[PDB]
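# Residue-level structure breakdown
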Amino acid sequence: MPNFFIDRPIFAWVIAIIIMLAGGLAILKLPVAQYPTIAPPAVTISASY
Amino acid sequence: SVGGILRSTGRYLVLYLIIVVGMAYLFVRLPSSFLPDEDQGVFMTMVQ
Amino acid sequence: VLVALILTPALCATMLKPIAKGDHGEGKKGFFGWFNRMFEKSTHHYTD
Amino acid sequence: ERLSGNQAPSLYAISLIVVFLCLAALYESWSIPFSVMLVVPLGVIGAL
Ligand SMILES: CCCCCCCCCC[N+](C)(C)[O-]
Ligand SMILES: CCCCCCCCCC
Ligand SMILES: CCCCCCCC
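Residues numbered from 1 in each chain as written, not as in the entry; some residues may be left out. Chains lettered and ligands numbered in written order. Part of a larger assembly, values for the part shown. Heavy atoms only, no water.

Taken together, the contact between chain A and chain D spans ten residues of the former and ten residues of the latter. Interface area, chain A with chain D, both sides summed: about 860 Å², of which 83% is carbon and sulfur. The largest per-residue losses of area from chain A upon contact with chain D belong to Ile10(A), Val14(A) and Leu21(A), which jointly make up 52% of the total buried on that side. On inspection of chain A and its partner chain D, the count reaches zero salt bridges. If you look at where chain A meets chain D, you find two residue pairs in polar contact. Looking at the side of chain A that touches chain D, its residues break down into nine nonpolar, no polar and one charged. (Contact = heavy atoms within 4.5 Å. Buried area = accessible area lost by both parts, 1.4 Å probe. Salt bridge = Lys/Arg side-chain N within 4 Å of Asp/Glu carboxyl O. Polar contact = N/O pair within 3.5 Å; in protein donor to acceptor, adjacent residues only side chain to side chain. Nonpolar A, V, L, I, M, F, W, Y, C, P; charged D, E, K, R; others polar.)

If you want it as structure tokens, here you go:
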């Protein structure tokens, strides 16, 4: 694989550029927060007498 | 015929740019919808 | 590892400037000249 | 209609960019791909 891309430097760039482009487009859509869902979920039953 | 086109070259590059402008015009001109209305062998009549 | 097997070798074969046999940047001028002599000397200390 | 909708122009831009990059890998050239990419408007004109 190294000897393949040593002779084919433009191919090597294409793979890198496509990965970078995919990454760039991902940053636009990706949500932003402090933490992910780390808190375990809770259910509360509320009753009144 | 192709042999004669390559002797000109620059002539047909100007014709290409007119096709690109022609393409650009039709695209801008063409109205846009989502999905066409289909005949489903059924319809309804509203009475108010 | 994929970048190091695909891109890095391609760049090394095209972008890297040829280094002459025996040259370890000891003859460079300024700070880099001093650092290279320091490191080459520090390597001899370490290996010993 | 209000929130989001017209995202086609950006996807067509990305499509042609990725096709150019893939053509560049196939031919091992930044220039040769254009010979293929310049055919696109000759097809789009007919559709319009
Ligand atoms: C962000 C894309 C920039 C890619 C430009 C690469 C061409 C410069 C020459 C590098 N080379 C192909 C010889 O390794
Ligand atoms: C010298 C060739 C330049 C490489 C083209 C990079 C394409 C950018 C895609 C966003
Ligand atoms: C890079 C380490 C050099 C020091 C070696 C220790 C010699 C006593």
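All right, on to the interface of chain A and chain C then. One frequent convention defines the size of an interface as the accessible area lost when the parts assemble. At the interface, nine residues of chain A touch eight residues of chain C. Among the residues of chain A in contact with chain C, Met1(A), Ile6(A) and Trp13(A) are the three that bury the most area, contributing 45% of the side total. Linking chain A with chain C are zero residue pairs in polar contact, by the criterion used here. The set of elements that each furnish at least two residues to the side of chain A that touches chain C consists of α1 (2-7) and α2 (9-29) of chain A. Sorting elements by how many residues they give to the side of chain A that touches chain C places α2(A) first, with five residues. Within the side of chain A that touches chain C, the residues separate by chemical class into nine nonpolar, no polar and no charged. (Helix = DSSP H or I, 4+ residues; strand = E, 2+ residues; numbered from the N terminus.)

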